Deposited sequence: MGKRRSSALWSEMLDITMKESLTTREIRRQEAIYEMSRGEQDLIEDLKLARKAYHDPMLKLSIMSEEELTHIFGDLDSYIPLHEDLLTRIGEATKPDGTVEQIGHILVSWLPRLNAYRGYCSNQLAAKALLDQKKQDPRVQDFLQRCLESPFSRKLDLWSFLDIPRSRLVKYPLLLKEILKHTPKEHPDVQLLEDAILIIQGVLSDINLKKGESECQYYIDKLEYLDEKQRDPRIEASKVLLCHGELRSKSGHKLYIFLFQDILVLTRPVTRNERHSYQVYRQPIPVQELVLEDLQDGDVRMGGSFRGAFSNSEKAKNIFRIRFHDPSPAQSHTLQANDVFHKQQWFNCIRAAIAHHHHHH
């Protein structure tokens, strides 16, 4: 770096290692400043100006900035591991102990989807939108919108494996950090997988709670038990109705969206199809009058026969749905 004594003259590789270590540190400092700014520039004024309610703001911001001391803790340890030099010899042991604590962000990241829903709901509110415009016009925001600041933890979290691997790249075979960074990489991959899965679980539960059943026969325990929502979104049925389909790992649920006070609910349509009994059929363009990018799903129609011809937005959109459903079916028969 430029901070370091000119006398300090090593290989290009170690300079890179020290640059990589330092880049991670600078990222932590930026992180801390922006989390404080998010609370102070967006949350607090909106609260004081009655632009949003306290409950609304708590739902949106949650514990966004609650783990500042976690990141400060890391900078402290890196600082104490730094020499009058400016150089850092070992960082693997620090990261191995510190990285598991990023568990703290599981809750915030899993509520981010719900927070975005409330924000989108506030697009109809002139006072909210004008305040957000005002922030965009001022230097502190760097022309970034509120959502960018709310997305700071998720955005930072997925950077850590890249930062760690860059440090490992410039770490000599003999150095003890080789083994330590490798463990630290496995650790962060573990916490990110867990955050990834819980976000999926929350999104799953989010839509499960919004399901509406007109007939009791339509209810199926495999829906409520779902923890992974593989694919969801709208498709056009043959009748022309825009259906909203939920592909859980074990069951596919077709729905018709319903106004419920600009709280969308999803009225279950016909019977949910267990992936166990699910048949997927590729249809050719023009096979059916709705005529492109269509496919069919049905029960293994030994069961009482229900089938749906569905139309995606384009050929590659069809592929997202077709592949997801096909993989789900294959996943089942792989485990029965």
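In sequence order, the deposited residues that have no C-alpha coordinates form the ranges 1-12, 303-315.
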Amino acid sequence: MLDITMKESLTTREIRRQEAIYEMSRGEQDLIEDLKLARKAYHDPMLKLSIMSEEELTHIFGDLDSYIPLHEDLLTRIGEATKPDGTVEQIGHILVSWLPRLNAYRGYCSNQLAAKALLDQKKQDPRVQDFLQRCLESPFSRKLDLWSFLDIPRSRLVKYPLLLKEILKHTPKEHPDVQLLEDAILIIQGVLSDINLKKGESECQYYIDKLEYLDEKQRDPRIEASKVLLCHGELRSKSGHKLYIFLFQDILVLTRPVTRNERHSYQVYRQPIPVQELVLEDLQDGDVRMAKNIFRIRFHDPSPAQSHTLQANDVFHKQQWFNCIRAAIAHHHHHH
From here on, numbers count along this sequence of modelled residues.
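Just going by the entry, 133-141 versus 171-179 on mean CA temperature factor gives the higher value to 171-179. Remark: stretch with higher mean C-alpha B factor among 196-204 and 236-244 is 236-244. Of all the options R260, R101, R127, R156, the entry's greatest CA B-factor is assigned to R260. In this structure the maximum Cα B-factor among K122, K210, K116, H93 is found at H93. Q306 sits in the highest third of its chain by CA B factor, as recorded in the PDB entry. In the PDB entry, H300 places in the highest third of its chain by CA B-factor. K318: CA B factor in the lowest third of modelled residues in this chain (values from the PDB entry). Ranked within its chain, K40 lands in the middle third, by CA B factor from the PDB record. Among the modelled residues of its chain, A291 has a C-alpha B-factor that falls in the highest third, as given in the PDB entry.
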